[PDB]
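Trainee: One file is attached below, coords_0.txt, containing compact mmCIF, C-alpha atoms.
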# COMPACT_ATOMS: atom_id res chain seq x y z
CA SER A 1 -32.18 207.11 444.95
CA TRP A 2 -33.24 206.01 441.44
CA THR A 3 -29.48 206.20 440.76
CA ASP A 4 -29.03 203.29 443.20
CA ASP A 5 -31.08 201.11 440.83
CA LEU A 6 -28.73 201.85 437.90
CA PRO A 7 -26.19 199.05 437.15
CA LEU A 8 -22.68 199.84 438.40
CA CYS A 9 -19.48 199.88 436.37
CA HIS A 10 -17.24 196.85 436.95
CA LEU A 11 -14.40 198.61 435.09
CA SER A 12 -14.11 201.66 437.37
CA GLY A 13 -12.82 202.22 440.91
CA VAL A 14 -12.75 205.19 443.29
CA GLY A 15 -10.57 206.38 446.16
CA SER A 16 -11.37 209.32 448.44
CA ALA A 17 -10.12 211.01 451.62
CA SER A 18 -11.51 213.80 453.79
CA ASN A 19 -9.85 217.16 454.35
CA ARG A 20 -7.27 217.06 457.14
CA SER A 21 -5.90 220.00 459.15
CA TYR A 22 -2.70 218.71 460.77
CA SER A 23 -2.50 220.09 464.31
CA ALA A 24 0.89 221.57 465.24
CA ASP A 25 0.34 219.86 468.60
CA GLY A 26 1.46 216.69 466.79
CA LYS A 27 -0.32 213.42 465.95
CA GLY A 28 -3.74 215.02 465.44
CA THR A 29 -5.94 215.94 462.48
CA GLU A 30 -9.21 217.87 462.56
CA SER A 31 -11.67 217.47 459.67
CA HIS A 32 -14.87 219.22 458.59
CA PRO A 33 -17.54 217.27 456.61
CA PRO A 34 -16.26 216.20 453.14
CA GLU A 35 -17.60 218.13 450.14
CA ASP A 36 -16.16 216.15 447.19
CA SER A 37 -18.24 213.46 445.45
CA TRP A 38 -18.20 211.09 442.48
CA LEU A 39 -20.30 209.08 440.04
CA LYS A 40 -19.70 205.80 438.15
CA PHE A 41 -22.75 204.53 436.28
CA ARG A 42 -23.37 202.25 433.29
CA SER A 43 -26.57 202.71 431.27
CA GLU A 44 -28.46 200.24 429.05
CA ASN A 45 -26.78 201.52 425.88
CA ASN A 46 -23.30 200.64 427.15
CA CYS A 47 -23.00 204.38 427.70
CA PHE A 48 -20.68 204.74 430.69
CA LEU A 49 -20.71 207.97 432.72
CA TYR A 50 -18.15 209.05 435.32
CA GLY A 51 -17.85 212.24 437.34
CA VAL A 52 -15.82 213.74 440.18
CA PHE A 53 -17.21 216.80 441.93
CA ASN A 54 -15.55 219.32 444.23
CA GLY A 55 -17.93 221.12 446.58
CA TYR A 56 -17.40 224.15 448.80
CA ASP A 57 -19.76 225.90 451.25
CA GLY A 58 -21.29 222.47 451.92
CA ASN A 59 -22.04 219.45 449.75
CA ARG A 60 -25.67 220.27 448.89
CA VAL A 61 -24.76 221.36 445.36
CA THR A 62 -22.36 218.46 444.83
CA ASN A 63 -25.22 216.00 445.41
CA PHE A 64 -27.65 218.03 443.29
CA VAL A 65 -25.16 218.28 440.41
CA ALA A 66 -24.73 214.48 440.50
CA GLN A 67 -28.37 213.43 440.91
CA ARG A 68 -29.56 215.78 438.16
CA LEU A 69 -26.72 215.25 435.68
CA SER A 70 -27.63 211.56 435.98
CA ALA A 71 -31.22 212.31 434.95
CA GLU A 72 -30.09 214.53 432.04
CA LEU A 73 -27.73 211.89 430.56
CA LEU A 74 -28.78 208.39 431.73
CA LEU A 75 -32.39 208.18 430.54
CA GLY A 76 -31.59 207.80 426.83
CA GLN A 77 -30.51 211.44 426.36
CA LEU A 78 -27.32 209.78 425.06
CA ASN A 79 -27.48 207.14 422.33
CA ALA A 80 -24.70 205.07 420.74
CA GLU A 81 -25.42 206.42 417.24
CA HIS A 82 -25.12 210.11 418.21
CA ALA A 83 -22.50 212.07 416.26
CA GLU A 84 -19.71 214.00 417.99
CA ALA A 85 -21.52 217.37 417.80
CA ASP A 86 -24.71 215.49 418.72
CA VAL A 87 -23.30 214.32 422.08
CA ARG A 88 -21.52 217.65 422.72
CA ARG A 89 -25.00 219.21 422.58
CA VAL A 90 -26.60 216.74 425.03
CA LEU A 91 -23.87 217.54 427.58
CA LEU A 92 -24.13 221.32 427.15
CA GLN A 93 -27.88 221.03 427.77
CA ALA A 94 -27.53 218.67 430.76
CA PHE A 95 -25.15 221.14 432.46
CA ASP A 96 -27.31 224.13 431.53
CA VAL A 97 -30.42 222.49 432.99
CA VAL A 98 -28.47 221.62 436.15
CA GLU A 99 -27.36 225.23 436.67
CA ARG A 100 -30.78 226.64 435.76
CA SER A 101 -32.69 224.18 437.94
CA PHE A 102 -30.35 224.70 440.92
CA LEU A 103 -30.84 228.47 441.01
CA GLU A 104 -34.58 227.95 440.53
CA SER A 105 -34.59 225.61 443.54
CA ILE A 106 -33.30 228.32 445.89
CA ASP A 107 -35.36 231.25 444.54
CA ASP A 108 -38.19 230.68 447.04
CA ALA A 109 -35.68 230.35 449.88
CA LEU A 110 -33.69 233.41 448.74
CA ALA A 111 -36.85 235.53 448.78
CA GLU A 112 -37.61 234.38 452.32
CA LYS A 113 -34.07 235.46 453.25
CA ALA A 114 -34.69 238.95 451.85
CA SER A 115 -37.88 239.21 453.92
CA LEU A 116 -36.33 238.10 457.22
CA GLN A 117 -33.35 240.44 456.75
CA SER A 118 -35.82 243.30 456.18
CA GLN A 119 -37.19 242.46 459.65
CA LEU A 120 -33.69 242.56 461.15
CA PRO A 121 -31.75 245.76 462.09
CA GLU A 122 -28.69 246.51 459.96
CA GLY A 123 -25.08 246.41 461.17
CA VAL A 124 -25.64 244.73 464.54
CA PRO A 125 -24.07 241.95 466.69
CA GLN A 126 -25.97 238.66 466.89
CA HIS A 127 -25.28 237.97 470.59
CA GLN A 128 -26.23 241.58 471.44
CA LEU A 129 -29.44 241.25 469.42
CA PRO A 130 -32.33 240.82 471.92
CA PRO A 131 -34.02 237.41 472.50
CA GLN A 132 -36.94 238.58 470.33
CA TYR A 133 -34.84 238.44 467.14
CA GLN A 134 -33.27 235.05 467.95
CA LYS A 135 -36.04 233.08 466.19
CA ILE A 136 -35.50 235.05 462.97
CA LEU A 137 -31.71 234.61 463.12
CA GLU A 138 -32.04 230.82 463.44
CA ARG A 139 -34.34 230.70 460.41
CA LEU A 140 -31.90 232.89 458.42
CA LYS A 141 -29.15 230.36 459.19
CA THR A 142 -31.43 227.42 458.40
CA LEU A 143 -32.16 229.11 455.05
CA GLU A 144 -28.51 230.01 454.51
CA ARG A 145 -27.44 226.37 454.93
CA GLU A 146 -30.12 225.41 452.40
CA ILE A 147 -29.23 227.91 449.64
CA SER A 148 -25.47 228.12 450.16
CA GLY A 149 -22.94 226.01 448.27
CA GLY A 150 -21.10 225.54 444.98
CA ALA A 151 -19.30 222.78 443.07
CA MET A 152 -16.57 222.41 440.44
CA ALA A 153 -17.15 219.38 438.21
CA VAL A 154 -15.47 217.14 435.67
CA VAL A 155 -17.52 214.52 433.84
CA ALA A 156 -16.53 211.83 431.37
CA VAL A 157 -18.90 209.99 429.05
CA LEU A 158 -17.82 206.81 427.30
CA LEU A 159 -19.83 206.08 424.15
CA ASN A 160 -18.75 203.46 421.59
CA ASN A 161 -15.09 203.79 422.62
CA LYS A 162 -15.33 207.57 422.38
CA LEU A 163 -14.40 209.61 425.45
CA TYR A 164 -16.00 213.03 425.94
CA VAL A 165 -14.91 215.15 428.91
CA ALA A 166 -17.07 218.03 430.14
CA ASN A 167 -15.25 220.14 432.74
CA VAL A 168 -16.47 223.05 434.90
CA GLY A 169 -13.40 224.05 436.92
CA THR A 170 -10.15 222.86 438.45
CA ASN A 171 -10.97 219.12 438.54
CA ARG A 172 -8.70 217.15 436.19
CA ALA A 173 -9.09 214.22 433.81
CA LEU A 174 -5.93 212.54 432.50
CA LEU A 175 -5.88 209.86 429.81
CA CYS A 176 -2.98 207.51 430.48
CA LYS A 177 -2.03 205.38 427.46
CA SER A 178 0.84 202.91 427.93
CA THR A 179 2.77 203.22 424.66
CA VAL A 180 5.92 201.24 423.85
CA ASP A 181 7.96 204.29 424.92
CA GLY A 182 6.17 204.56 428.28
CA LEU A 183 3.00 205.88 429.93
CA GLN A 184 1.59 208.88 428.03
CA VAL A 185 -0.10 211.13 430.59
CA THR A 186 -2.31 213.63 428.72
CA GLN A 187 -4.82 215.92 430.47
CA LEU A 188 -8.03 215.97 428.38
CA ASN A 189 -9.65 218.82 430.32
CA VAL A 190 -8.38 222.37 430.93
CA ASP A 191 -8.09 224.06 434.32
CA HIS A 192 -10.50 227.00 434.46
CA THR A 193 -8.29 229.04 436.80
CA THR A 194 -7.32 232.71 437.14
CA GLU A 195 -4.17 231.83 435.16
CA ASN A 196 -5.97 230.31 432.17
CA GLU A 197 -5.32 233.08 429.62
CA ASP A 198 -8.37 231.90 427.67
CA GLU A 199 -10.45 232.46 430.84
CA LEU A 200 -8.64 235.78 431.47
CA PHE A 201 -9.81 236.71 427.96
CA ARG A 202 -13.47 235.90 428.75
CA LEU A 203 -13.01 237.87 431.99
CA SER A 204 -11.33 240.79 430.17
CA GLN A 205 -14.23 240.75 427.65
CA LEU A 206 -16.40 241.49 430.71
CA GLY A 207 -14.18 244.51 431.44
CA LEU A 208 -12.28 243.00 434.38
CA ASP A 209 -8.79 244.02 435.50
CA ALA A 210 -7.31 240.67 434.40
CA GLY A 211 -3.95 241.63 435.94
CA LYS A 212 -5.45 242.21 439.40
CA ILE A 213 -7.42 238.94 439.17
CA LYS A 214 -4.26 237.16 437.99
CA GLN A 215 -2.32 238.72 440.88
CA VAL A 216 -4.70 237.74 443.70
CA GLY A 217 -5.35 234.27 442.24
CA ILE A 218 -8.39 233.51 444.42
CA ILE A 219 -12.00 234.69 444.10
CA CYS A 220 -13.85 234.34 447.42
CA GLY A 221 -11.40 231.65 448.55
CA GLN A 222 -11.67 229.65 445.30
CA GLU A 223 -9.31 229.86 442.31
CA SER A 224 -11.86 228.33 439.92
CA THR A 225 -13.29 230.75 437.31
CA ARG A 226 -16.08 228.27 436.53
CA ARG A 227 -18.38 226.80 439.18
CA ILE A 228 -21.86 225.31 439.46
CA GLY A 229 -24.10 227.20 441.90
CA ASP A 230 -22.88 229.58 444.61
CA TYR A 231 -25.56 232.28 444.37
CA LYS A 232 -23.03 234.63 446.00
CA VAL A 233 -20.96 234.81 442.78
CA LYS A 234 -23.82 234.14 440.35
CA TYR A 235 -26.00 236.94 441.75
CA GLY A 236 -24.03 239.18 444.12
CA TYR A 237 -20.88 239.37 441.95
CA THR A 238 -21.46 243.13 441.80
CA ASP A 239 -20.74 243.16 445.57
CA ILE A 240 -17.38 241.37 445.20
CA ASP A 241 -14.31 243.63 444.87
CA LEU A 242 -12.56 241.95 441.93
CA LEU A 243 -15.86 241.37 440.11
CA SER A 244 -17.34 244.81 440.88
CA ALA A 245 -17.59 245.82 437.22
CA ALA A 246 -18.62 242.86 435.06
CA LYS A 247 -20.89 243.11 432.00
CA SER A 248 -22.37 239.70 432.87
CA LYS A 249 -21.61 236.84 435.29
CA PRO A 250 -17.81 236.53 435.85
CA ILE A 251 -18.14 233.05 437.36
CA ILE A 252 -20.11 230.81 434.98
CA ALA A 253 -21.30 227.18 434.88
CA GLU A 254 -20.92 226.55 431.15
CA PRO A 255 -18.95 223.29 430.64
CA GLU A 256 -15.96 223.17 428.30
CA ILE A 257 -16.61 219.93 426.42
CA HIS A 258 -13.52 218.26 424.95
CA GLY A 259 -13.56 216.38 421.64
CA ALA A 260 -13.97 212.62 421.30
CA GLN A 261 -10.97 210.35 421.90
CA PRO A 262 -10.83 207.06 419.90
CA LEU A 263 -10.43 204.46 422.66
CA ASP A 264 -10.50 201.80 419.93
CA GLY A 265 -7.56 199.46 420.53
CA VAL A 266 -6.11 201.59 423.32
CA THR A 267 -4.54 200.08 426.43
CA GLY A 268 -4.33 202.36 429.45
CA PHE A 269 -6.56 203.99 432.06
CA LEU A 270 -8.49 207.22 432.68
CA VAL A 271 -7.92 209.41 435.73
CA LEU A 272 -10.63 211.72 437.03
CA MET A 273 -9.29 213.48 440.11
CA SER A 274 -10.40 216.35 442.35
CA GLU A 275 -8.52 219.60 442.93
CA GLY A 276 -7.65 218.58 446.50
CA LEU A 277 -5.61 215.55 445.39
CA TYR A 278 -3.16 217.11 442.93
CA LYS A 279 -3.15 220.45 444.77
CA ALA A 280 -1.86 218.56 447.84
CA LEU A 281 0.87 216.69 445.93
CA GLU A 282 2.16 219.97 444.49
CA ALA A 283 2.06 221.51 447.98
CA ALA A 284 4.66 218.91 449.07
CA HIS A 285 6.63 218.11 445.88
CA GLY A 286 6.86 221.61 444.36
CA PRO A 287 4.73 223.22 441.58
CA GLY A 288 3.91 221.44 438.31
CA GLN A 289 4.99 217.91 437.35
CA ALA A 290 2.05 216.52 439.37
CA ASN A 291 -0.31 214.88 436.86
CA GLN A 292 2.82 212.93 435.94
CA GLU A 293 3.53 211.54 439.42
CA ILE A 294 -0.05 210.45 440.13
CA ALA A 295 -0.42 208.74 436.74
CA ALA A 296 2.72 206.77 437.64
CA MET A 297 1.66 206.17 441.26
CA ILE A 298 -1.52 204.58 439.88
CA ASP A 299 0.66 202.70 437.38
CA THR A 300 2.69 201.28 440.28
CA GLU A 301 -0.32 200.31 442.40
CA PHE A 302 -2.00 198.81 439.32
CA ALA A 303 0.07 195.63 439.68
CA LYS A 304 0.30 195.86 443.48
CA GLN A 305 -3.48 195.79 444.16
CA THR A 306 -6.43 193.47 443.45
CA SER A 307 -9.16 196.05 442.68
CA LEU A 308 -9.43 199.44 440.95
CA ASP A 309 -11.01 200.83 444.13
CA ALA A 310 -7.92 199.68 446.05
CA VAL A 311 -5.66 200.99 443.25
CA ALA A 312 -7.23 204.44 443.55
CA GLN A 313 -7.37 204.36 447.36
CA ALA A 314 -3.74 203.19 447.50
CA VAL A 315 -2.62 206.30 445.64
CA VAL A 316 -4.78 208.75 447.61
CA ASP A 317 -3.30 207.33 450.82
CA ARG A 318 0.28 207.86 449.56
CA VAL A 319 -0.41 211.49 448.59
CA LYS A 320 -1.82 211.88 452.11
CA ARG A 321 1.29 210.40 453.72
CA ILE A 322 3.61 212.45 451.49
CA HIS A 323 1.78 215.63 452.51
CA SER A 324 1.75 214.57 456.20
CA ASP A 325 5.42 213.51 456.22
CA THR A 326 6.28 216.82 454.56
CA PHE A 327 4.55 218.72 457.37
CA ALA A 328 6.20 216.77 460.20
CA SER A 329 9.62 216.63 458.50
CA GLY A 330 9.87 220.39 459.16
CA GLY A 331 11.58 220.90 455.77
CA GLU A 332 11.21 223.90 453.45
CA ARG A 333 7.78 222.71 452.25
CA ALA A 334 6.38 222.13 455.76
CA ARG A 335 4.82 225.60 455.67
CA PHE A 336 3.22 224.57 452.35
CA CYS A 337 1.52 221.46 453.81
CA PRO A 338 -0.21 222.52 457.10
CA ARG A 339 -3.52 221.06 455.89
CA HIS A 340 -5.14 219.63 452.75
CA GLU A 341 -8.59 219.32 451.18
CA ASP A 342 -11.02 216.55 450.26
CA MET A 343 -9.32 214.22 447.77
CA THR A 344 -11.10 212.08 445.18
CA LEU A 345 -9.69 209.78 442.49
CA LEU A 346 -11.62 207.69 439.97
CA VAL A 347 -9.83 205.24 437.69
CA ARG A 348 -11.42 203.76 434.57
CA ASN A 349 -9.45 200.74 433.33
CA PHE A 350 -8.84 200.39 429.58
CA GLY A 351 -7.49 196.83 429.58
CA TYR A 352 -4.42 197.78 431.66
CA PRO A 353 -3.12 194.75 433.67
CA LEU A 354 -4.46 194.52 437.24
CA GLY A 355 -2.76 192.39 439.90
Mind turning the file's structure into structure tokens?
Mentor:
Amino acid sequence: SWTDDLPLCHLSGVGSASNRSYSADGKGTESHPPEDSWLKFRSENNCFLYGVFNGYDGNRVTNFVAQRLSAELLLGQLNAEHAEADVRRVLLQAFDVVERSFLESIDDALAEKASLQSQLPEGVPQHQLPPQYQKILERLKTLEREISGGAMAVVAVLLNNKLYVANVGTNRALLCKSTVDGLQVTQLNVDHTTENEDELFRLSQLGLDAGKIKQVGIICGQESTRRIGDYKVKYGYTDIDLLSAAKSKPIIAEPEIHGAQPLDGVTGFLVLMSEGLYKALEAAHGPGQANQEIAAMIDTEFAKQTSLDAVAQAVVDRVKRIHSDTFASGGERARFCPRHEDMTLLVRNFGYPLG
């Protein structure tokens, strides 16, 4: 709540939308609690900090990642004067701390879990388990809710018209410069997926069957090879099939910082988006060529709207309608768009004309 006190960024806007599971019934959409989250703060130093997070297994970690990353970057940890390698250190530490402190938070609760499972008979139905054991089972679920969760992240720091982008998964971060030729969409981050050869290298260097991983694509329902939290994959990776034989942690929370961009005399806008957004547009429009469309869509709405929040929200709502139309149209991509995931879109304006 100390984050509430921080001054907010007049030059940034956000648009978001909850997961929807289109019912075949027709005209009906079920939704679980949203797990994405974001972050748009200006410090005293004119050090701007943006972030879009992508939770799963609940939004506990999302909120922790945000609240803590704020404390590790917006209390003077970043200064104007810092050199490029100077800042790239402060980020690496901030993210390290976050991952260390998260796992430390749940240690007490994880130990309690171990104890209460020791009290419970192995390989047994819950409804068939006598009333005696019901109190334990509730507490194990209470605990589970508390410790469970993970989060992909993508964070951008603006410091003296230098843009640094720390990324920990599938969340994307396009820089959109409007040159004379057109709008130059250029993705600053890199998708840490099971198809990133560079990540397949790091996974191979842990003695993993990179071909099998590459084949399946998903790892416990996620395709992200880097995540913050999720004790399941940070601790019990030995119990996962694909990760059975890893020298050290297969899923890691080390950010891939990306070099400074000179935003001196640049006109354009920055796009931090979640996985859910672009993943949904591809699901309806066909693979690849997605970053492009959204960057444009924002470009369109940039003149059509009166606020960056509306500009972002405009676009998210189109992607939603595209996906929904594509389901109800009954076309060839209707099987591709039965549902979608929490969408988030943050837009930092670099002078680009609004309204």
Trainee: List the neighbours of residue A:272 out to 7 Å using only C-alpha atoms; skip same-chain residues closer than 4 positions along the sequence, and give me the result as an MDAnalysis selection string.
Mentor: chainID A and resid 52 172:174 345:347
Trainee: For a test of reading the model, state the distance in Å between atom CA of residue A:276 and atom CA of residue A:288, rounded to one decimal.
Mentor: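 Separating atom CA of residue A:276 from atom CA of residue A:288 is a distance of 14.5 Å.
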Trainee: Would you kindly return, as a ChimeraX atom specification, each protein, DNA or RNA residue with an atom no farther than 8 Å from any atom of residue A:99, considering all atoms listed in the file and excluding same-chain residues fewer than 6 positions away?
Mentor: /A:228-229,253
Trainee: Provide the atom CA of residue A:18 to atom CA of residue A:343 distance in Å, to one decimal place.
Mentor: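 Distance reported for this atom pair: 6.4 Å.
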Trainee: Leaving out residue A:337 and any residue of its chain fewer than 2 positions from it, which residues lie within 6 Å of it when counting all atoms listed in the file, given as an MDAnalysis selection string?
Mentor: chainID A and resid 283 323 327 334:335 339
Trainee: Box time for stretch 111-129 of chain A: axis-aligned, enclosing all its listed atoms, 8 Å extra on each side; report centre and edge lengths in Å to one decimal, as AutoDock Vina command-line options.
Mentor:
--center_x -31.0 --center_y 240.4 --center_z 460.1 --size_x 29.8 --size_y 28.1 --size_z 38.7
Trainee: Work out how far apart atom CA of residue A:277 and atom CA of residue A:26 are and give it in Å to one decimal.
Mentor: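 Those two atoms sit 22.6 Å apart.
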Trainee: Residues of stretch 151-234 of chain A that have any atom at most 12 Å from an atom of stretch 73-81 of chain A: could you tabulate them with the shortest-distance atom pair and the distance in Å to one decimal, using only C-alpha atoms, ordered by chain and increasing number, as a tab-separated table?
Mentor:
residue	atom	partner	partner_atom	distance
A:155	CA	A:73	CA	11.0
A:156	CA	A:73	CA	11.2
A:157	CA	A:73	CA	9.2
A:158	CA	A:80	CA	9.7
A:159	CA	A:80	CA	6.0
A:160	CA	A:80	CA	6.2
A:161	CA	A:80	CA	9.9
A:162	CA	A:80	CA	9.8
A:164	CA	A:78	CA	11.8
Trainee: Residues of stretch 227-292 of chain A that approach stretch 200-205 of chain A to 12 Å or less, counting only C-alpha atoms: could you list each one with the shortest pair of atoms and its distance in Å to one decimal, rows by chain and increasing residue number, as a Markdown table?
Mentor:
| residue | atom | partner | partner_atom | distance |
| --- | --- | --- | --- | --- |
| A:242 | CA | A:203 | CA | 10.8 |
| A:243 | CA | A:203 | CA | 9.3 |
| A:245 | CA | A:203 | CA | 10.6 |
| A:246 | CA | A:203 | CA | 8.1 |
| A:247 | CA | A:205 | CA | 8.3 |
| A:248 | CA | A:203 | CA | 9.6 |
| A:249 | CA | A:203 | CA | 9.3 |
| A:250 | CA | A:203 | CA | 6.3 |
| A:251 | CA | A:203 | CA | 8.9 |
| A:252 | CA | A:202 | CA | 10.4 |
Trainee: Find the spatial neighbours of residue A:325, counting all atoms listed in the file, within a cut-off of 12 Å - ignore same-chain residues fewer than 2 positions away - and output them as a list in words.
Mentor: residues 22, 26, 27, 281, 283, 284, 285, 317, 318, 319, 320, 321, 322, 323, 327, 328, 329, 330, 331, 333, 334, 336, 337, 338 and 339 of chain A
Trainee: Give me the residues within 10 Å of stretch 180-190 of chain A as a PyMOL selection string, counting all atoms listed in the file and dropping any in the same chain fewer than 6 places off.
Mentor: chain A and resi 154-156+163-174+196+256-261+268-272+291-296+299
